[PDB]
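Results of the structural survey
Read off the chains here:
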Amino acid sequence: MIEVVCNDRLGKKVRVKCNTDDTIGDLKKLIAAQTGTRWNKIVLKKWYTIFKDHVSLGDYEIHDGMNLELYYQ
Amino acid sequence: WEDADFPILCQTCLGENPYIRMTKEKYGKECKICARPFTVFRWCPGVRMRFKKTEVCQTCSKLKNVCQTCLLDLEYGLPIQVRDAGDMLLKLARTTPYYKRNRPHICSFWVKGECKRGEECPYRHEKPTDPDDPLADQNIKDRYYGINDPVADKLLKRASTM
Amino acid sequence: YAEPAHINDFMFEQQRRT
Amino acid sequence: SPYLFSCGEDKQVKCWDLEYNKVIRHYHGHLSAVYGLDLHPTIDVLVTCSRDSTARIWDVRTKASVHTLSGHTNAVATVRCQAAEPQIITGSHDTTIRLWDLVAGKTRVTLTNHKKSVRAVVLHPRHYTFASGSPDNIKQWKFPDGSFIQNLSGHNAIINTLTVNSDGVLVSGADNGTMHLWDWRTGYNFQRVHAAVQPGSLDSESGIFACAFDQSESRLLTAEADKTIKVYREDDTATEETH
Amino acid sequence: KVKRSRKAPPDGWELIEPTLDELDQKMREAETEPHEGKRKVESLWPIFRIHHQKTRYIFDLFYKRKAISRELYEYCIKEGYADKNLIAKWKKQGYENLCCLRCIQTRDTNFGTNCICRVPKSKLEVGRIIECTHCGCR
Amino acid sequence: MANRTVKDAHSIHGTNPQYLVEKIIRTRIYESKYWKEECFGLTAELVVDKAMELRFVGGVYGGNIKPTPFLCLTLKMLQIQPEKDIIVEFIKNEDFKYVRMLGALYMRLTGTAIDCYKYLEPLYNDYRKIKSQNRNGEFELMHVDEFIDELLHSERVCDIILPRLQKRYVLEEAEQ
RNA sequence: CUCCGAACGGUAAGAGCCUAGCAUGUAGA
RNA sequence: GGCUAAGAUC
RNA sequence: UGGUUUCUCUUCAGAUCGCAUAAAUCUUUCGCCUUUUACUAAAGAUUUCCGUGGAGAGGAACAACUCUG
RNA sequence: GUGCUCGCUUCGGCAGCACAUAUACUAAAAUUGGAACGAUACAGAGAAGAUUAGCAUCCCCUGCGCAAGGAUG
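Numbering of residues starts from 1 on every chain and follows the written order of that chain's sequence, so it may differ from the entry's own numbering; residues lacking coordinates are omitted. To label them, take the chains in the order written and letter them from A, then take the ligands in the order written and number them from 1. Chains on display form part of a larger assembly; values are given for the displayed part and nothing beyond it. Each side-chain value is derived from all of the structure's non-hydrogen atoms; neither hydrogens nor water enter the calculation. Residues with missing side-chain atoms are left out of burial classes, side-chain pairs and their counts.

What the entry reports as its method is cryo-EM, with 4.2 Å given for the resolution.

A look at the overall build of chain E
Secondary structure summary: chain E contains four helices and zero strands in total. Ordered by position from the N terminus, the helices and strands of chain E form the series α-α-α-α. In terms of its C-alpha atoms, chain E occupies a principal-axis envelope of roughly 50 × 40 × 25 Å. For this analysis, residues touch if any pair of their heavy atoms sits within 4.5 Å. In chain E, 55% of the contacts between residues at least 6 apart in sequence involve partners at least 24 apart. Strands here mean DSSP runs of E at least two residues long; helices mean DSSP runs of H or I at least four residues long; both are numbered from the N terminus.

Regarding the overall build of chain F
What chain F contains, in helices and strands, is nine helices and four strands. Ordered by position from N to C terminus, the α and β elements of chain F give α-α-α-β-β-α-α-α-α-β-β-α-α. Here the radius of gyration uses the C-alpha set of atoms, whereas the globule reference equals 2.2 Å times the residue count to the power 0.38. Taking 2.2 N^0.38 as the reference for a compact globule, 176 residues should give roughly 16 Å; the C-alpha atoms of chain F span a radius of gyration of 16 Å, in line with that estimate. Counting only C-alpha atoms and orienting by the principal axes, one finds that chain F spans roughly 45 × 40 × 30 Å. A fraction of 46% describes how many contacts in chain F between residues 6 or more apart in sequence connect residues 24 or more apart.

Some remarks on the sheet that holds strand β3 (residues 22–23) of chain D
Residue and element names in this part refer to chain D. Read across the sheet, three strands follow the order β1-β2-β3 without closing on themselves; strand pairing throughout is antiparallel. Two strands in the sheet have a free side with no partner beyond their single neighbour: β1 (4–5) and β3. Note: strand β2 (residues 15–17) against β3, two bridges, orientation antiparallel. Its bridge partner lying in β3, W16 is registered against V23. Pairing between strands is defined by DSSP: at least two bridges between the two strands are required.

Looking at the environment of A:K28
Residues and elements named next belong to chain A. Structurally, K28 is set in helix α1 (residues 24–35). Sequence spacing of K28 and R38 is 10 residues, and the spatial spacing of their C-alpha atoms is 9.0 Å. In contact with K28, not counting residues within four places along its chain, are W39, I42 and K52. Any pair of nitrogen or oxygen atoms within 3.5 Å is treated as a polar contact; in protein, a donor-acceptor pairing is required on top of that, and neighbouring residues in sequence qualify only through side-chain atoms on both sides. Of note is the side chain of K28, whose polar atom sits 3.3 Å from the backbone oxygen of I42.

Some details on the sheet that holds strand β6 (residues 56–59) of chain D
Residues and elements named next belong to chain D. Strand order in the open sheet formed by four strands is β4-β5-β6-β7, with antiparallel pairing between adjacent strands. Pairing within the sheet leaves two strands with one partner each, and these edge strands are β4 (34–39) and β7 (64–65). The sheet contact formed by strand β5 (residues 45–50) and β6 spans four bridges and is antiparallel. Residue pairing across strands places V47 opposite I57, the latter belonging to β6.

A word on the pairing of strand β3 (residues 129–133) of chain F
Residues and elements named next belong to chain F. As defined by bridge partners, β3 adjoins strand β4 (residues 139–143) across five bridges and the pair is classed as antiparallel. Its bridge partner being in β4, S132 is matched across the sheet by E140. Counting the residues between successive antiparallel strands, the hairpin from β3 to β4 contains five residues, one of them, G137, with a positive phi of roughly 90 degrees.

Describing the pairing of strand β1 (residues 2–7) of chain A
Both faces of the sheet carry side chains from a regular strand, because those side chains alternate between them. All names here are of chain A. The sheet contact formed by β1 and strand β2 (residues 13–18) spans six bridges and is antiparallel. Residue pairing across strands places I2 opposite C18, the latter belonging to β2. Linking β1 back to β2 in an antiparallel pair, the connection comprises five residues, with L10 at a positive phi of about 60 degrees.

Focus: the arrangement of the chains
No other pair of the three pairs of chains in contact has as many contacts as chains A and F. One thing to see here is that chain B and chain F don't touch, and their nearest C-alpha atoms sit 14 Å from each other.

Some details on unusual backbone geometry
Backbone geometry places D:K63, a non-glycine residue, at a positive phi of 55 degrees. In this structure, D:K63 sits in the loop between β6 and β7. Backbone geometry at E:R6 places phi at a positive 55 degrees, although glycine is not the residue there.

Details of the packing of aromatic side chains
Centroid distance A:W47 to A:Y48: 5.2 Å. Interplanar angle 75 degrees. Geometry classified as edge-to-face. Between the aromatic rings of A:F51 and A:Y60, the centroid separation amounts to 4.9 Å while the plane-to-plane angle is 90 degrees, which identifies the pairing as edge-to-face. Two rings belonging to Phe, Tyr or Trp (six-membered ring only in the last case) form a pair when the distance between their centres is within 6.5 Å. Interplanar angles under 30 degrees mark stacking, angles over 60 mark edge-to-face geometry, and anything in between is tilted.

Structure (structure tokens):
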């Protein structure tokens, strides 16, 4: 279980623990549970690389502590 | 900084009555004569007047010796370009001033036709001036300083007519 | 030259407007 | 008020209150060292005679300055806050004493004396007005607008301490160690004795930098420059008639 | 609208039920009016005008006609049908047709006086069709 | 060009008429290929031309926020702010199924509470179908009564949030 | 045994062209 | 022209 | 002797003025320390804020119900 | 407008008495002038240095600063 820290700008930085084989759609539901927004309106980004909605976390090699820059759509 | 106690204004801008009422706002209104806040002294010249206030600064108007609102002169009434030209101020002066110096602004809804205010409109629902003349094309420093003064230009030109 | 007065503002504004 | 205010040379008027034996205010505002501080008996303010370019009227228990009494061409060494004098008598080192008012701040009257750098001032409110002082060619003064009564005796050394008691004694503490004691009324030097020095100190190092009488006006206290706070008591005698 | 008391209002409230409901529906429709047309403070003018007519209906039923009971009068002033300060100013003989309670405040004017609403036309100037900006009318 | 197509005509219920959709959705829709070809010129008669050509009902799709032309024509209609007769004309016209759906979005966003229940109630009897762009970009079939009931449902439309003044039960106690 | 941290120390550096959400409310004739 | 460790200095 | 209330403004508060209890600053202490602010809490005294207490001044409501004596 | 005159004196009204005495940076305005270090295309931080250092004797920006930091003569 990796602890992905969705640390966006302006104070919004939360920890999101997800499974390795868990999909990215399950990660946005856990990231919205600590941030306070709709999970359908959250777009994760890492230098203009907008992630998909169907690719598992084990495919991106997102290890523990690999922080993400959260953005809102 | 920049404080004041009484406005150095003319008798024309002071109102056509012995009794008036002043309203002092200390360190405000952003007086562009010296780019410093001055005591904005608002008053009422009379019935159906403009009810203007102070525009120039306090110390900036002391060297020019003009009105606080009209900003023409102290005794004669000619502009600063006409006062620095030249007695010359005795002939160019004119007592019993017109009410256009204390007249209110024009109604923009009356110029557009949709004057929905009616007879209770405080603005003047009359025809505006002719924009082809240089008398309605002055500026801030153009009236204070003598450079580019259209009112002082016609005052020296119309003085030699007959 | 300023010269204040200790008269009432109510009677002065009523007499001048009348 | 129970507050032993102190003026340090590190540009900090550390008002060490004696209610807890610690700093309570730590007021600031001076650009350089502070020469002297005097508490006003009536107005709740402290006249901090700084040495940057002027003095400072610091308000007690407010931690803020009241007005900058800039009326000196040099460092304002001496300071005097009298209830009788409406102004604040500031002693400037530019050979010109001044009396800056408390409300306005400008110097109401200068001093046409004290050709040397005036760094001393006194006050005798017992039966006369407040006097003044100078290192070279000192003279008396008056509290209403100044009045030169008489000059001083032959004391040419750099005077730094000038105390006056209510019994008519006038003590002058100079930097040369010649503690000349004269009279505030007669003017002749009564004792004019010179003090000794510490054995660990040098030969020419003893100098009275500060001197003030006791609260009971019995034993005089003069702090010398030889690291020895000397106390001078009184003694009864009659064979000291001056001609 | 909710009565906000739930305390069984007495007799005479049903006699004044549709009259106060028509005045309350007029003020709610005036509150839903947009900011177009009004210049700067003309939008607050029907807010005081509906409030002035609501206070005049209760005061005429209590003082002039004297048909409403005092128990229904105290329940109407507590529920918000009419302001108690507006009925207090109308009890004095010096003010019986005042425009608004804001115009009677002495500290509201910059010159420290009353407004043009509390001034008769015979004692005023000849040519004046002015209206009170704070109150709403004369 | 993008502030407001009218200088001073009317206003929205709580803000500017252009600031009715979300600011995250309005910023991405302001820079689009379908928007830049349309925002250079758009009139009342030109709004009926572009709305009849498009047959799609949805909002954003894809990784980046790519707005549908249904949401793009909705923002251009809200920036233009037409009269109530033109908005009632687009809802009653049977020339296209997407034309009545485009008028219903402008009715539920900027219209009054009594006017929203009065206009959307005859739209519930339509049994026709339409194509809707999903979140993954694929098309999905949606009935006309299914989209009209979704506008009267909770605020979950594609980039739209505007509650009514009351519910259907609270409005029933006051009016019909 | 369940005490959960946030920012700065960080993306450079520049050349030509292109488009924008902003603000003031004047005396004068 | 002042204070800094003949300021350290082949 | 003669007034239940309510709102404005003028002092001192050494009474758990507060039957409960926040933040900042100053002078000393500990832990981390890597530049700093955000830090941990032990002691003491200086403000700000949430509030309050007696005693004169001015308006409104029945001040008239007649309260104590 | 509100209440009253041993008023004219009808009770339709008129005249007088008493109270109420100056709100409004005045408009639903008229115009006036433009700023992303923002995208796109071009080349891509040198593949190379012999004075040995600081302290005080004039201002913009980040920041809430009686902490702090960049630029300065």
